[PDB]
Amino acid sequence: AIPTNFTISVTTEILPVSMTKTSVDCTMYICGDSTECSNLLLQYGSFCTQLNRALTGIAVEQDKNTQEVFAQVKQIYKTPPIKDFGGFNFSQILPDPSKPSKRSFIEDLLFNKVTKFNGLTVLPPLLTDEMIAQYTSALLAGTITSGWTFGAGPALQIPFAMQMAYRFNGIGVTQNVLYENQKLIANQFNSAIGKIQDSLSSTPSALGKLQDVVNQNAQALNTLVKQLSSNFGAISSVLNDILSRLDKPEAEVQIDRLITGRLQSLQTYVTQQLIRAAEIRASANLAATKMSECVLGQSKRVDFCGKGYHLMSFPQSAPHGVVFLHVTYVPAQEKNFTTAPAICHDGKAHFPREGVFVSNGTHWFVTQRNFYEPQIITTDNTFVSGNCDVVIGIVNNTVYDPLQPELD
Amino acid sequence: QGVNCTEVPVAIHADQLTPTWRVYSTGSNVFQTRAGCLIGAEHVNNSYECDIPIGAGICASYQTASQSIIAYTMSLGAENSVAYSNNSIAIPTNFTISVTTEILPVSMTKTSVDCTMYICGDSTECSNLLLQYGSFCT
Amino acid sequence: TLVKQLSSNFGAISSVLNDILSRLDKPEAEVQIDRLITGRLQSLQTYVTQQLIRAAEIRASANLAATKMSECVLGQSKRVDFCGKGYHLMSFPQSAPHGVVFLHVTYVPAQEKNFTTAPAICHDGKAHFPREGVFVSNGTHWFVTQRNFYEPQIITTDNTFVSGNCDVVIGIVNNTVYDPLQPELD
Ligand SMILES: CC(=O)N[C@@H]1[C@@H](O)[C@H](O)[C@@H](CO)O[C@H]1O
Ligand SMILES: CC(=O)N[C@@H]1[C@@H](O)[C@H](O)[C@@H](CO)O[C@H]1O
Ligand SMILES: CC(=O)N[C@@H]1[C@@H](O)[C@H](O)[C@@H](CO)O[C@H]1O
Ligand SMILES: CC(=O)N[C@@H]1[C@@H](O)[C@H](O)[C@@H](CO)O[C@H]1O
Ligand SMILES: CC(=O)N[C@@H]1[C@@H](O)[C@H](O)[C@@H](CO)O[C@H]1O
Ligand SMILES: CC(=O)N[C@@H]1[C@@H](O)[C@H](O)[C@@H](CO)O[C@H]1O
Ligand SMILES: CC(=O)N[C@@H]1[C@@H](O)[C@H](O)[C@@H](CO)O[C@H]1O
Ligand SMILES: CC(=O)N[C@@H]1[C@@H](O)[C@H](O)[C@@H](CO)O[C@H]1O
Ligand SMILES: CC(=O)N[C@@H]1[C@@H](O)[C@H](O)[C@@H](CO)O[C@H]1O
Ligand SMILES: CC(=O)N[C@@H]1[C@@H](O)[C@H](O)[C@@H](CO)O[C@H]1O
Ligand SMILES: CC(=O)N[C@@H]1[C@@H](O)[C@H](O)[C@@H](CO)O[C@H]1O
Ligand SMILES: CC(=O)N[C@@H]1[C@@H](O)[C@H](O)[C@@H](CO)O[C@H]1O
Ligand SMILES: CC(=O)N[C@@H]1[C@@H](O)[C@H](O)[C@@H](CO)O[C@H]1O
């Protein structure tokens, strides 16, 4: 069976890259502003210091994760004032310069969809949303105007349609297919992008992978805070109520009960955050890998870039992650043909060159795989190896020699 | 961090702290960023590569911007415009052979701890109590 | 940290087991000792937990290093930026105290020039496409170059192929395709 047509499919892949950079003042969380409590907490040595270091390390990694995924381009590339890309319309994924906050249309959908402390603080990221958008824009500008060349050195300009021709060739489809069907391909592409807008707006769970990270972190903090009122066997969950009621030798006992419980609760929080951090780090490493292999090149890895044969990938920013729009070639409308491994001609076994021998029942042709474009069997598109008593499925036919009519 | 410039951070020196501490309350060198109140750095309207990251796009560095610490919004890289057209192609005429180094950790120090010794040392009484904690040591 | 915690004195009269045992009687020492046991056990559990988490990080790094060894040293990776910037040619491993160092040798396409191009050549009504190359021009003559180096050849029937007529391709330009058989016969 060989496809006679194809479609251009665009799919989205959602990957988390970073977490909220929380930090906890262990002494304040456990002891508040109580001097007596702090004096007892010191008897637990370095536990507080160690917890502070663990959270600090996590917060640092969150910027490292973002940096590795997005800052893969040495220069910030801009698009031309004239967006002529051979019929391919990227206006829904590229920034809109008339509004100095953009973030392209698709990105805006992503940001719109995804949605008072006691020792607890939240640190800002080093890279702001605008800075991330600039990196994304540069990657898109590079991809569109210089293909993958900018990912291996200097950006080398190339007409977009010609870039696509190379991407088609890279999946086993001859360049002529693109140029002959360029309008169809551009239209299939443009429609596929429009569908992405509807897909994201229609499905409320489309970005669940990013929302889950946010929700998990929120729950971890809600639990950490609620534990302050637990009263771990003490007469009261409030340090001030213990201290205002009991004398020193009695309060110390009640306070120690709360310190142990609160320290254990905080250690639990930090441990869970370290485990979650490793999950996010792995995701960020994957996102960074995809950026390099899908956006800055043409991956040949199966289902590493959505289903189908990979052509292109267009990154989009998101609150705590990255979104990849994977453009793939998917075969369509196959027909059944009769085939053979070789043609028997004058006792010689002829094998195809980068193609397959097919038949409609009356005539045999050499056709390229993954598209169907039958050619006459000649000595230019075949090669000879051995006699015809070896190949099992060999069939008898005539191989055309284009020199004959030039001489005779 | 999270502090409003000149409003809040100028509370502590109310206790008359060391002259080399209270200096960090002087104006001009006070810059407000989303990360908090930065005191002692000179804010500039220039841009450079990240050196010492502060947060929210702000970084600091030491310049010799002469013999001082400055604060700035970091650059994301040089601006570049590809000469895209319908028929212009750039093609390399030369090349270089670049050798780069990549460092990867493979292993850690193979430490091991004798739980009983760490906790109880050579004390018999302590070991007898430690046994009440079941398999934790194992 | 694990060692320093031994002197913490987790609510006990002393951080030293011997001083407690040499000072208090049995029923009193047991209480003070239990305070230290709980604190030291908790400190040790903390250490081990952190080591397991850190160990996972190193294991992941080792798995990546092993992957790179196989794909960069024992072969030629085609994965972008998996072997440094540029097009991968070779990788040479070097040992290190607790890790591995890779020297990645890559090809970088320096010194580009601006050429005029086209997707196809129109010759006698036939649309000629390049074979593993691109059609370029210096403004007076068209050539076939290999990508990533620039090495212009004459456009012939040996380095091109024909598909369809010339009313389909958008950017097609008119030129002469050389047929090397002609001078052999005429
Ligand atoms: C050879 C062939 O069937 N081409 C069809 C084209 O006629 C149709 O208009 C288009 C959808 O609009 O889908 C293509 O696959
Ligand atoms: C599906 C799609 O891409 N539609 C775009 C439209 O949004 C844009 O305003 C117009 C500008 O020429 O170009 C079309 O191709
Ligand atoms: C691509 C194609 O034509 N496949 C047909 C299939 O639809 C049909 O059902 C079967 C006979 O049952 O013969 C196959 O060759
Ligand atoms: C079984 C069948 O379809 N045979 C057709 C033949 O009728 C046609 O004349 C020829 C092109 O000229 O192409 C063959 O595939
Ligand atoms: C490629 C080929 O010739 N395959 C033949 C098949 O057509 C035939 O129906 C079958 C009978 O057993 O024997 C196979 O070897
Ligand atoms: C099954 C069949 O047709 N076999 C014939 C064989 O008898 C003939 O000798 C040869 C040409 O020499 O061509 C093969 O196709
Ligand atoms: C650093 C900061 O947020 N300062 C705000 C100031 O911007 C605001 O205008 C004022 C009320 O008018 O209250 C201050 O606390
Ligand atoms: C936005 C801004 O801070 N601009 C300052 C300007 O106020 C100052 O007078 C000048 C002195 O050289 O340096 C510019 O960077
Ligand atoms: C064609 C060309 O420019 N080749 C130059 C060569 O002349 C020069 O000597 C060398 C550096 O020593 O760098 C090469 O790229
Ligand atoms: C490789 C090359 O020659 N690039 C040139 C660029 O230097 C020049 O600035 C631009 C016109 O402004 O035209 C490009 O083709
Ligand atoms: C515009 C231009 O450079 N044209 C030159 C031409 O003068 C030269 O004679 C020919 C080689 O013989 O190569 C062409 O590229
Ligand atoms: C490959 C090609 O011919 N591109 C032409 C371009 O040269 C021309 O300047 C433009 C005018 O709108 O129309 C494009 O189709
Ligand atoms: C813009 C242009 O030059 N078009 C000519 C066309 O008029 C001519 O008919 C054809 C050869 O038949 O060659 C094309 O290059």
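For chain B, we keep the numbers from Swiss-Prot: what you see runs 613-676, 688-761, in order.
This deposition comes from electron microscopy, 3.2 Å.
Using the three backbone atoms N, Cα and C, a Cβ is placed for every residue, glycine included.
The Cβ of B:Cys617 (disulfide bond) lies under 8 Å from the Cβ of B:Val642, B:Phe643, B:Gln644, B:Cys649, B:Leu650, B:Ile651, each on the same chain and at least six residues away in sequence. Among the features that Swiss-Prot reports, disulfide bond is placed at B:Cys617-B:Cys649 (among others), with the record citing experimental evidence.
In the three-state DSSP reading, B:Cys671 (disulfide bond) counts as strand. B:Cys671 (disulfide bond): 20 other CB atoms within 10 A of its CB, across all protein chains. For B:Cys662-B:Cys671 (among others), the entry in Swiss-Prot reads disulfide bond, with the evidence type experimental evidence.
Residues near B:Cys738 (disulfide bond) in space but far in sequence (CB under 8 A, at least 6 apart, same chain), listed by position: B:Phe759, B:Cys760, B:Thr761. Here Swiss-Prot flags B:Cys738-B:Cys760 (among others) as disulfide bond, drawing on experimental evidence.
DSSP assigns B:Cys743 (disulfide bond) to a helix. Here Swiss-Prot flags B:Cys743-B:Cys749 (among others) as disulfide bond, drawing on experimental evidence.
Look at B:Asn616 (N-linked glycosylation site): DSSP puts it in coil. According to Swiss-Prot, the N-linked glycosylation site annotation covers B:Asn616 (among others), on the basis of experimental evidence.
The Cβ of B:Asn657 (N-linked glycosylation site) lies under 8 Å from the Cβ of B:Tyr695, each on the same chain and at least six residues away in sequence. Sequence annotations record features per position, and here Swiss-Prot assigns N-linked glycosylation site to B:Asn657 (among others) based on experimental evidence.
In this view, B:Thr676 (O-linked glycosylation site) is surrounded by 6 other Cβ atoms within 10 Å of its Cβ, with every protein chain counted. The O-linked glycosylation site annotation in Swiss-Prot covers B:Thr676.
In this chain, none of the residues that are 6 or more apart from B:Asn709 (N-linked glycosylation site) has a CB less than 8 Å from its CB. Taken from Swiss-Prot, the feature N-linked glycosylation site covers B:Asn709 (among others).
Taken from Swiss-Prot, the feature N-linked glycosylation site applies to B:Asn717 (among others). Listed in sequence order, there are no same-chain residues at least 6 apart in sequence whose CB falls under 8 Å from the CB of B:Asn717 (N-linked glycosylation site).
Residues or ranges marked as region 'Disordered' in Swiss-Prot: B:621-640. Residue counts for the region 'Disordered' (B:621-640) under DSSP (helix as H, G, I; strand as E, B; rest coil) come to 4 helix, 0 strand, 16 coil.
Among the recorded positions B:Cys649, B:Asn657, B:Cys671, B:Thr676, B:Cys743, the ones whose Cβ sits under 8 Å from a Cβ of chain C are, in sequence order, B:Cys743. The disulfide-bonded residues under consideration are B:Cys662, B:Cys743. Their Cβ neighbour counts within 10 Å are lowest for B:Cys662. Long-range C-beta contacts of B:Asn616 (N-linked glycosylation site), restricted to its own chain and to partners at least six residues apart, with a cutoff below 8 Å, comprise B:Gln644, B:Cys649. Ranking the disulfide-bonded residues B:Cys649, B:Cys749 by other CB atoms within 10 A of the CB puts B:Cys649 at the bottom. Candidate recorded positions: B:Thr676, B:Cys743, B:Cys749. Nearest to B:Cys662 (disulfide bond) by Cα distance: B:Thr676. Listed in sequence order, the recorded positions among B:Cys617, B:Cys649, B:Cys671, B:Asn717, B:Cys743, B:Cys760 whose CB lies under 6 angstroms from an atom of ligand 9 come out as B:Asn717.
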